[PDB]
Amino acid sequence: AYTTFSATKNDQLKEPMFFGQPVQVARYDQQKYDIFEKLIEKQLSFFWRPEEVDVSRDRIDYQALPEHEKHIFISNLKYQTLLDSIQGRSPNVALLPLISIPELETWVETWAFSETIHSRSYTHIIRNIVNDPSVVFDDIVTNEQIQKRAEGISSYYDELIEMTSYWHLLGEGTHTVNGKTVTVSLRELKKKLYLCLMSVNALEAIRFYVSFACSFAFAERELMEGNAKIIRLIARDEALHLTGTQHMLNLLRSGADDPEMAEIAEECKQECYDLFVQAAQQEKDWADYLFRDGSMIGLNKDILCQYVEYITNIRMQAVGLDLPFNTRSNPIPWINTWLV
């Protein structure tokens, strides 16, 4: 099953990305896929520290905000904090026991690490603008609506982690565990990982980009500029994370890695279409809560719905799926000045 140092001298250049022999020597002189090496380098160039960004004027700007847009700001912030809390721990708990090449193993640990920095920046902002952080942080867990647009994220990772432990302990086969039949199939585990990856792709490429647009609406009005400095940095890292899953998924589709992953990508092309349409509709539903006690001059549900469509079509194309929505030009081209 899993070992932290596998004892077989193997050619790490001939392993698949996932499900081969566990990585044991971590070397960076040679890589099967150099894009993961490029990404580690680029991410390390971008090392930034949240504490050094001045957000003192955002306490005054936030204070001056009307209650309805104070509600938009904080609800957006609470969802960003939910997503990076899961992205901090989950690439490491779910993907890291299944990797077989070194450059992907380290990219995954570098990717989960930059998410904990994003979590730290959210503590930095909340602690400056609000007088007791705990009403924000305890509300994340319990808000029916924040969990409602998050529906499916923790489930995908949790099902993957469970299936992986059954495969590590028991191996492929049909087994009797406490008098129940349990079938472990590597093919099924492979599509569980593939759909997990496709969901991670939706999360980083769409869900964060909708939240970024809600954030920079305020900076366009010249409000909350400290928070906009941080989100600009967060966004520059999400660019890399997104590029990462786009290539993981496209090399798996190419059939140049594990040939059975090419096969799975085709067989579930419909599930991959259906999870992006689900995630698009979830981001749209949230608008009913975001503009609940009032909308904003440049930002309302029609602008949010038109941007979700816009961004979902771009992302789906980048990974070879059919576009669900009618083509449109970018409803909010001002976000270009702020981006990634």
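One-based numbering along the sequence shown.
- Averaged over their C-alpha atoms, the temperature factors of 5 to 13 and 316 to 324 are higher for 5 to 13.
- Once the C-alpha B-factors are averaged per stretch, 232 to 240 and 87 to 95 rank with 232 to 240 first.
- Based on the entry's C-alpha B-factors, the most elevated value among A26, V277, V308, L299 belongs to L299.
- Comparing C-alpha B-factors across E115, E162, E220, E109 in the deposited entry, the largest value falls on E220.
- In the PDB entry, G173 places in the lowest third of its chain by CA B-factor.
- When the modelled residues of the chain are ordered by their C-alpha B factor, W286 lands in the highest third.
- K32 sits in the middle third of its chain by CA B factor, as recorded in the PDB entry.
- In the PDB entry, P331 places in the highest third of its chain by CA B-factor.
- Compared with the other modelled residues of the chain, the Cα B-factor recorded for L203 ranks in the lowest third.
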